[PDB]
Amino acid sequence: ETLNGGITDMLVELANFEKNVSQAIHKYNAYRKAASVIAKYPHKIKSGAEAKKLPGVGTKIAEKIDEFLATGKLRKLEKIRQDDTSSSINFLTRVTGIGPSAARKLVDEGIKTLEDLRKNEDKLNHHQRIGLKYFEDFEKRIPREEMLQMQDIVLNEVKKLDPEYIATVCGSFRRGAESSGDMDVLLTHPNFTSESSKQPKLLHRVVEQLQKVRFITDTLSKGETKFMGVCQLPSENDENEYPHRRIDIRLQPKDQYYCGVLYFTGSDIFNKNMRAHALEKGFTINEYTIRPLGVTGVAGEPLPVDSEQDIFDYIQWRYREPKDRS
């Protein structure tokens, strides 16, 4: 969050390459944690060996910083930005279902764009094919006026099915965001607690129903606990049609509701801060259970929770309500 942006920019882009184009995940981590250290740094960096004093920045990662701070930018990130392969892997990556490995494989075979893909759906698995089919609007985001409209359609249909069901919309929404990427529903039913076995049925029935009233149109994956698929708000009579959205429905044990609604309402970075900044206090927060991390690596028997706050006050952390979670 400091006036060291440029430095951490090129650092982040340099990893988004080792991820997408190179083999390396460890190079991807090293470059990212380096971005992290420099971001929190109080001062403005004017040397390469000054950033090096930090843990995570080291010889080759600090040589490059000298370049950035000596001559404009970096040569490596120019050969990359001006490569056909790299740019195309990065493009393909943008369909859900495709990431690094498959893009590599596709670009190796001269497949590089939407038109390229549509003529080549044979190569894609089912997930990817729906990501394709709905590429345009999957990158579009969702207004609230329209977001609520779906909530009043999931809350209303899930209750008509069986009034014991509880649906709480999470992610961005709970954080108050004016715009969301994709719909996130945590589902809870009394019949299902942590001690009880499975009940895929409890999920699959609100799914199968949401399909019947034609609000869910596709499925990416559907299991015991989790459904990932595609929704779309009702075409208010012909043509002016709303775009297709992504939607998750997770089925949470009723007794571990609080832990679960914590895990959702992100961000994913807030979940990684809070989780890491717990393992110093020797705890292992889940989406299910907070629990002491004993002597060796043995994770002790859970921990009572009747509110998020309790998780918060377990790990000796200030409380931050859903809207300050990032």
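Note that residue numbering begins at 1 and tracks the sequence as displayed.
As listed in the deposited structure, the average C-alpha B-factor of 231-239 and of 163-171 is greater for 231-239. Mean CA B-factor, 191-199 versus 126-134: the higher value falls on 191-199. The residue among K27, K40, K33, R275 whose C-alpha carries the highest B-factor in the deposited model is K40. Among all modelled residues in this chain, the alpha-carbon of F68 has a temperature factor (C-alpha) in the middle third. In this PDB entry, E18 carries a Cα temperature factor that places it within the lowest third of its chain's modelled residues. Ranked by Cα temperature factor within the chain, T225 sits in the lowest third according to the deposited record. When the CA B factors of the chain's modelled residues are split into thirds, the value for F283 lands in the highest one.
Among all modelled residues in this chain, the alpha-carbon of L74 has a temperature factor (C-alpha) in the highest third.
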